[PDB]
Ligand SMILES: CC[C@@H](Nc1c(Nc2ccnc(C(=O)N(C)C)c2O)c(=O)c1=O)c1cc(C(C)C)co1
Ligand SMILES: O=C1CO[C@H](CNC(=O)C2(c3ccc(Cl)cc3)CC2)CN1C1Cc2ccccc2C1
Ligand SMILES: CC(C)CCC[C@@H](C)[C@H]1CC[C@H]2[C@@H]3CC=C4C[C@@H](O)CC[C@]4(C)[C@H]3CC[C@]12C
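Protein chains in written order, with the numbering used here: chain P, 1 to 212; chain X, 1 to 120; chain D, 1 to 389; chain G, 1 to 225.
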C-alpha cells in the first residue's frame, strides 16, 4: 500500500564527510519512520527511530529529521566503520511495513580506469560441450561500468552474466568479470570474440578480443 | 544533433589559477553526467574530472586531486572546472564530454572541441 | 508655488494641535492602565508601553511645532531646534528597536517554543539617543531663503559621514530585516498550526464517513490507515497554551492518553478489517466517535480557541508595526534623500505631507488599542467602572 | 541480554515445506510482536508476516498469503514460520525482529533487535562437484608488464566454495568474485590473480578449489600457452 522511496541509492563519501539520505513516503506517514544500518553478511541494526530519535549505542553523528512526508538521515562526521547499507522503513501499522530500497555508502576514491583481460576457454571446457569466455575488469573506480559482449562484431543480450566484487581493502577499487556461456557448436560457429568496456574514467571503450 | 561549447584558457605561471566553462545546447544536463578530459603531447585522452547529478557526487583523477574542482549549474546548462595550483604538466587541450547513459556507464558519444590551456 | 506651500502651512498646525491633544489623551489612558495593573502585564506589553511614553515625550513638543509652523519661521533658538528634532529621533529609534525586541520576544515564545525588564528598557531608550546623537549634533537653526528653519545640513568630512551611515544601517536596515524575518516565520508558524489542527481533524471525520459506506473490507483498511496517521500526528501537536508549559505536564498527559486510546481503537478496527470482517470493523469504528467526543474534541476546541487567540494577539502588534511603518517610514526617506543630494512644488509638498504623516503616529497607536486591541479595551472598562460611582 | 536466534533454514525443493524456528532469550513472547523480514541475495529488506501471540493477529504480505503460516508459543519462547509451495522467489535470508506493542516507546522502536538470519535456498538442482577450468593468459596480453591469470569454478550446486592460491601462500592481487546463479540452477565462480609478466616462467601458480558438500578438492594448474 504505502510506498517508500529512498533517493540516493549509491553514495560515495570519504572520512570526515557529511552524508544525507532522503526517504519519502507515498501516503502521510506521521513520524513512524525508522532507519537501519546493515553491514554485508549481517543483520540490520536500528539507528534512528521515530524519524528523529537516536537509538542507544548509536553515535551522535547519526541524526534524523522529518519535513512532512519527507524523511532524512544525516551522518555528521563519517567514520570508517560506518561504510554500510542504509534502509528507511515506515511502520505506520504492523501489517503495513514497507522498507526503502537501500542506500550503500562507499569509500570515495580517485578515478581508476579498468584493466581489461580476456580469457579464452580452455581445452577441458571444449571437451565437455560448454565454452565459457570471461572478460576481466581489474581495479577500477567507481562501480558503474558496462560490458558489451560483441561476438563476431554483433551486439549480444541474454547469455552474458556478470559478477562484481566488493570494494578492495587496500586501494578501494572494484573488479568485474562478465562470463559468456555458449554451446560447443555455437562456439565453433564464430571465431572472433570481443568484449567492449566503457567506464567514466575511459574516454573511449577498450576492446580486448581473440581469434579461434 | 547535440554539440558542446567551451571557453577559458591562457598562459599561467606556476602556482596560478584558471576557470573553464562548458555549456550545452539542445540538451538538458539535469539528469546526465558531465566529464572533463585532457590531451597532453605524449599521453592523449586522459581523465580529469566527472560531474554527476545533484547529490550524486563529483570525482577527480589521481593527478588533479585536491587542486581541481568541477562545478555544475543545471539552470544555465553550463559546467565549470576550477584549476588551481597549476604545474607545467597541465598544458593540454581540455575537452568536455557528456555521459549519454544516465546510469553512469561512461558512454561518451557527444564531445566539445577543446580549450588550448598552455602553461610555460 | 507660494500659495500651495501656504495652504500646507495652514493645514499643518491645527492638524498638529488635534493630533497633539488626541495622542496625549489616548497615551495618558494607555499609561494609567499600564501602571494601575501589574498581574496581567506581559514582557511584549512592557515594550508596547515604553513606545507609549516615548510618544508622550513626542506629544509634548507639537505645541512648539505648531507655533513654528504658524509663524512660518523658526522663532525658536537653534538649541531648541535640535532639542525637538532629537526627541523625534529617539521616538523613531525607540519605536523601531522596541518593535524589534517585540518581534524577538514573540519569536522566542512562538517559533522557538521579569525583574530585569528595566535594564532592557534603559538599554533601548539609550540606544535610541545614541542613534539620535547624530540628530542632536547635526541639526541647528540656520537661515535660508530669508527665513530661519529647523533642518539638518551636511557642511564643515569622513568621521561625520562614516558614523552617520553606520548608525543608520544598524538601527534601520538591520532591525527591519529582523522584524520581517521574525514576523514572517511567526505568521507561517501560526497558520501552519491552524492547518495542522484542521487537516488532522478533517480526516478523522471525513474518513469515518468512508467506513460506514465502504461495503467491503478494502476501503475500511485504507480509510483507517489515514486515521491512524492523523491521530498519531495530532497527538504530537503542541498547543500555544502548552507550548510555554512543560512537555511532561499533567494537562498534556490527559490529551496524549486520549490519542493513546483512539489509535488503539483504530488498531482494533484494523485488526478486524484485515480479517475481511466489514460489519465488525464498522462497529469497532463506532467507538472512535465515542472517544473523540470525550477526549479529543474537548482539547480540539481548547486548542482552536488558544491558537486563534494568538492569531488575534499577533494581528494587533503587526498592525502596530504596520501603522508605525506606514507613518514614520516616508518621512525618514525624505530626510535621507535630502542629505544624500546636496517641479519644485512637488518636493516641498511631499516634504510637508510626510511631515504630518509621521507626526500623526502618536495618535494612531491608542486608536489601534481601542479598536483591535484585546487587552487595553477590557481594562479600560475596568478603570472606568471603578471611577464611575 | 536480549537476543533472537533463527534456525531451520536450509535446502528445499520447489513446492517443498520447511519451518523456520526463531528462538528468543532475555524477553517473553506476549510482550513483543514478532515479525519476519526476508532479504533475497542482492536485494533489499522485504516484510513477510507478523504475529502478536498475546492476542493472535497473523497478517501476511500478499506474495506469501495462504502459503505461509506464522506461529509462536510462549512455553518455549520461540516463533515459527511454516512455508509451503515455495518457488524460486522465496530464496532469501529470513530475519526475525521484535517490535513492541502500542502505546509508548517500544512501539516506536521498530525492529530494535534482529536475529542473525537463516538462509533458505529453494532450488530443484542436486549437489554436484565443480568443474575447475584455468584462465590461461595470452603471450600478447601485457607482455613485459603485469599479467592476470586465474581458474574458472563452474557448475557446482552448493554455494560455499573456497579458492586459495599456491596453498595460501599468494595473497597480493587476488580477486575471488561472488558466485552467480546460472539459468540451470547451478553456481559459477571466477577467481583471478594478477602477477608480474616476468614471473610467468619459472614460477608455479597453484589454484586450490575446495568444495565441502561434494568433498571436491581439484588442484588445477594455470600456465601460459
Ligand atoms: C497597549 C497596552 C496594553 N497591551 C496590549 C497588548 N499586548 C499584547 C499583544 C500581543 N501579545 C501579547 C502577548 O504575547 N501576551 C503573552 C499576553 C500582549 O501582551 C494588546 O493587544 C493590548 O492592547 C495594555 C495592557 C495593560 C495591562 C495588562 C497592564 C495595560 O495596557
Ligand atoms: O532629522 C532627523 C529626524 O529624525 C531622524 C530619525 N532617523 C534615524 O534615527 C535613522 C534613520 C534615518 C533615515 C531612515 Cl530612512 C531610517 C532611519 C536611524 C538613523 C534623524 N534625522 C536626521 C536625518 C537623517 C537621515 C539619515 C541619517 C541620519 C539622519 C539624521
Ligand atoms: C531628549 C530628552 C527629552 C530625552 C529624555 C529621555 C527619557 C524620557 C528616557 C531616558 C531613559 C528612559 C527610562 C529607561 C527605562 C525605564 C524603565 C522602564 O521599566 C520604565 C520606563 C523607564 C523609566 C524609562 C522612562 C523614560 C526615560 C527616562
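From the three backbone atoms N, C-alpha and C, an ideal C-beta is built for every residue, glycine too.
Between the region 128–153 of chain P and chain G, which residues of the former have CB atoms less than 9 Å from a CB of the latter, in chain order? 128, 130, 132, 134, 136, 138, 139
Taking Cβ to Cβ, would you say residue 239(D) is nearer than 8 Å to residue 340(D)? Taking the third chain and counting its residues from 1, the one referred to as residue 239(D) is at position 239. Taking the third chain and counting its residues from 1, the one referred to as residue 340(D) is at position 340. Not closer than 8 Å, so no.
Do residue 95(D) and ligand 3 come close, with the Cβ less than 7 Å from some heavy atom? What you label residue 95(D) is simply residue 95 of the third chain in a count that begins at 1. Residue 95(D) Cβ: outside cutoff for every heavy atom of ligand 3.
Counting only beta-carbon atoms, is residue 59(G) nearer than 8 Å to chain D? By 1-based counting over the fourth chain, the position of residue 59(G) is 59. So, interface residue.
Verify the CB distance criterion: does residue 105(D) have a CB-CB separation below 8 Å to chain P? Residue numbering aside, residue 105(D) sits at position 105 when the third chain is read from its first letter. Using a CB distance cut-off of 8 Å, residue 105(D) does not count as an interface residue toward chain P.
Meets three-Cβ-pair contact criterion under 8 Å: the region 75–83 of chain X and the region 14–28 of chain X: Using a Cβ-Cβ distance cut-off of 8 Å, the region 75–83 of chain X and the region 14–28 of chain X are in contact, since at least three pairs of beta carbons, one from each stretch, lie closer than that value.
Thinking C-beta only, is residue 363(D) closer than 8 Å to residue 22(D)? Taking the third chain and counting its residues from 1, one reaches residue 22(D) at position 22. Taking the third chain and counting its residues from 1, one reaches residue 363(D) at position 363. In contact: residue 22(D) and residue 363(D) (Cβ atoms closer than 8 Å).
Any contact of the region 99–117 of chain G with the region 128–139 of chain G, i.e. 3+ C-beta pairs under 8 Å? no
What separation, rounded to the nearest whole angstrom, lies between the Cα atoms of residue 91(P) and residue 97(P)? Position 91 of the first chain, counting from 1, holds the residue named residue 91(P). Position 97 of the first chain, counting from 1, holds the residue named residue 97(P). Near 5 Å, if we compare the C-alpha coordinates of residue 97(P) and residue 91(P).
Considering residue 220(G), what are the terminal residues of the alpha helix (DSSP H) in which it resides? For this step, residue 220(G) is matched to residue 220 along the fourth chain. Where residue 220(G) is concerned, there is no enclosing alpha helix (DSSP H), although the beta strand (DSSP E) it sits in stretches over 219–221.
What is the C-beta distance between residue 27(P) and residue 225(D), in whole angstroms, given that I count them as a contact (C-beta under 8 Å)? To locate residue 27(P), count along the first chain from 1; it is residue 27. To locate residue 225(D), count along the third chain from 1; it is residue 225. 7 Å between Cβ atoms; contact.
Assuming residue 29(P) and residue 229(D) make a contact with CB atoms under 8 Å, what is their CB distance in whole Å? As a working note, residue 29(P) is residue 29 in the first chain. As a working note, residue 229(D) is residue 229 in the third chain. Confirmed, Cβ separation roughly 6 Å.
When you check each C-beta in the region 69–103 of chain G against every C-beta of chain D, which residues fall closer than 9 Å? 102, 103
For residue 7(P), the residue or residues it bridges with in DSSP: Working through the first chain from its first residue, we reach residue 7(P) at position 7. Looking at the DSSP output, residue 7(P) bridges to nothing.
Using the beta-carbon count (16 or more within 10 Å), is residue 324(D) buried or exposed? As a first step, residue 324(D) is located in the third chain; it is residue number 324 there, counting from the start. Buried.
Are the region 352–360 of chain D and the region 77–86 of chain G in contact at 8 Å, needing three or more beta carbon pairs? no
What are the boundary residues of the alpha helix (DSSP H) that includes residue 331(D)? For the purposes of this step, residue 331(D) is taken as residue 331 along the third chain, with counting starting at 1. 297–340 is the extent of the alpha helix (DSSP H) around residue 331(D).
Can you list, in chain order, the residues of the region 35–56 of chain G whose Cβ is nearer than 8 Å to any Cβ on chain P? 35, 37, 44, 45, 46, 47, 50, 52
Which term fits residue 350(D), buried or exposed, when burial requires 16 or more other beta carbons within 10 angstroms of its beta carbon? Reading the third chain from its first residue, position 350 is the one you call residue 350(D). Burial call: exposed.
Quick one: using the 10 Å Cβ neighbour count with 16 as the cut-off for buried, is residue 122(G) buried or exposed? Working through the fourth chain from its first residue, we reach residue 122(G) at position 122. Buried is the call here.
Using only the alpha-carbon positions, how far apart do residue 244(D) and residue 83(P) sit? Mapped onto the third chain, residue 244(D) falls at position 244. Mapped onto the first chain, residue 83(P) falls at position 83. Taking the straight line from one Cα to the other gives about 42 Å.
Whose C-alpha, out of 48(G), 30(G), 1(G), is nearest the C-alpha of residue 38(G)? Position 38 of the fourth chain, counting from 1, holds the residue named residue 38(G). If we check each option's Cα against that of residue 38(G), 48(G) comes out closest.
Using a Cβ-Cβ cut-off of less than 8 Å, give me the residues of the region 218–233 of chain D that come near chain G, in sequence order. From the region 218–233 of chain D, no residue has a Cβ closer than 8 Å to chain G.
Nearest candidate by alpha-carbon position, reference residue 108(X), set 35(X), 120(X), 44(X): Locating residue 108(X) in the second chain gives position 108, counting from the first residue. The residue with the shortest Cα to Cα distance from residue 108(X) is 35(X).
Heavy atom of ligand 3 less than 7 Å from the Cβ of residue 133(D), yes or no? As a first step, residue 133(D) must be located in the third chain, where it is residue number 133. No, Cβ of residue 133(D) sits at least 7 Å from all heavy atoms of ligand 3.
Of all the CB atoms in chain P, is at least one closer than 8 Å to the CB of residue 171(G)? Within the fourth chain, the letter at position 171 stands for residue 171(G). Judged by the 8 Å Cβ criterion, residue 171(G) is not in contact with chain P.
For residue 161(D), list the residues DSSP reports as bridge partners. Translated into positions along the third chain, residue 161(D) becomes position 161. According to the DSSP secondary-structure assignment, residue 161(D) is paired through a beta bridge with no residue.
Under 7 Å, CB to nearest heavy atom of ligand 3: contacting residues: 46(D), 50(D), 53(D), 57(D), 83(D), 86(D), 87(D), 90(D), 117(D), 118(D), 121(D), 122(D), 125(D), 126(D), 129(D)
Separation of residue 85(P) from residue 3(G), as counted between CA atoms: One-based indexing of the fourth chain puts residue 3(G) at position 3. One-based indexing of the first chain puts residue 85(P) at position 85. Their backbone Cα atoms lie some 22 Å apart in a straight line.
Check the Cβ of residue 263(D) against every Cβ in chain G and list those closer than 8 Å, keeping chain order. If you number the third chain from 1, residue 263(D) lands on position 263. Chain G residues near residue 263(D): 102, 103.
From what residue to what residue does the alpha helix (DSSP H) around residue 118(D) run? Along the third chain, read from residue 1 onward, the residue named residue 118(D) stands at position 118. 117–138 is the extent of the alpha helix (DSSP H) around residue 118(D).
Would the beta-carbon of residue 104(D) be found less than 7 Å away from any heavy atom of ligand 2? Position 104 of the third chain, counted from the start, is the residue given in the question as residue 104(D). No, since every heavy atom of ligand 2 falls outside the 7 Å radius drawn around the Cβ of residue 104(D).
Whole beta strand (DSSP E) runs in the region 52–101 of chain P with 3 or more residues, listed along the chain? 62–67, 70–75, 85–90
Beta carbons nearer than 9 Å to chain D: which residues of the region 6–39 of chain P have them? The residues in question are 27, 28, 29, 30, 31, 32.
For the alpha helix (DSSP H) holding residue 186(P), just list the boundary residues, first then last. In the first chain, residue 186(P) corresponds to position 186, counting from 1. Residues 184–189.
Cut-off 7 Å between Cβ atoms - residues of its own chain near residue 206(P), not counting five sequence neighbours on either side: For the purposes of this step, residue 206(P) is identified with residue 206 of the first chain, where counting begins at 1. So the qualifying residues of the chain are 116, 197.
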